[PDB]
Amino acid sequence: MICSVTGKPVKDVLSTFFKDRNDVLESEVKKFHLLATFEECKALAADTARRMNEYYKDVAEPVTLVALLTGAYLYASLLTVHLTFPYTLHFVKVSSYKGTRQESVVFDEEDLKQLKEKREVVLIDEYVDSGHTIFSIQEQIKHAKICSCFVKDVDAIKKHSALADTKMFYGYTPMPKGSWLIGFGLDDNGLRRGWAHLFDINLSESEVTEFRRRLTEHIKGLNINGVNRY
């Protein structure tokens, strides 16, 4: 029931968060269940930056980092500020096409052409849920690597032979089945992307408590001293 980074009780994090806002009705506040505080998310992103930094410390050409609009902007901002190897960064807009046999990510022809040319290309997304998105991107850019703050089920992803070899840098896994997340850049029907904490609106209290129990112990065991230079 306490933030694993600051030590502030979640009730206090939320009392501060919800004080006199103009973007949520008092009656709606209870609908939002905090899964991870913004500070906890920042720790996860820093830990991910740490691993990418170690991986690319000797790279001889800038890495191509590419983030998918729009939600990943926040995570990308929390990740990139801690990276210490050369890279370029750009964002691309893709559309999800739900076919009768599979869901596919449709890129701008030019964007895709450019990416397929780079040796080191890392797709940044804040959340890998069903994995259909990265599964599609993967089959279009076979050498692409993935960097995601949250991954619902890594094992499920690795089950696919196509992704079994793909390098993935992620902050935390697994995420609760039956959840629906908003905040941390993810929209609530277009709104609240800037609600920095990661909230859920579909889980039971017990499920939220269990998720935090596991997240908290994971964060307390992290060693990211020095990663943040600011």
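Counting begins at 1, following the sequence as shown.
Participant: Name the higher of the two by mean Cα B-factor in the PDB entry, 155-163 versus 134-142.
Facilitator: Mean B over CA atoms: larger for 155-163.
Participant: Do the CA atoms of 103-111 or those of 75-83 have the higher mean B-factor in the entry?
Facilitator: Higher mean C-alpha B-factor in the PDB entry: 103-111.
Participant: Just the C-alpha B-factor column, please: which of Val13, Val24, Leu222, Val208 has the biggest number?
Facilitator: Among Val13, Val24, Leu222, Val208, the highest C-alpha B-factor in the entry belongs to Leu222.
Participant: Taking the values straight from the PDB record, which of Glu126, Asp129, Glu117, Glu120 has the highest C-alpha temperature factor?
Facilitator: Max CA B-factor in the entry, restricted to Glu126, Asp129, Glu117, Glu120: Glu117.
Participant: When the modelled residues of the chain are sorted by Cα temperature factor, does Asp47 land in the lowest, middle or highest third?
Facilitator: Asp47: CA B-factor falls in the lowest third of its chain.
Participant: When the deposited Cα B-factors of this chain's modelled residues are ordered and cut into thirds, is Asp187 in the lowest, the middle or the highest one?
Facilitator: For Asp187, whose C-alpha B-factor we compare with every modelled residue in the chain, the answer is the middle third.
Participant: Ordered by C-alpha B-factor within the chain, which third holds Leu65? Give me lowest, middle or highest, please.
Facilitator: CA B-factor rank for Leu65: lowest third.
Participant: Rank-wise, by C-alpha B-factor, drop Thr88 into the lowest, middle or highest third of its chain.
Facilitator: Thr88: CA B-factor falls in the lowest third of its chain.
Participant: Lowest, middle or highest third: where is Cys147 by Cα B-factor in its chain?
Facilitator: Within its chain, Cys147 is a middle-third residue by C-alpha B-factor, going by the deposited values.
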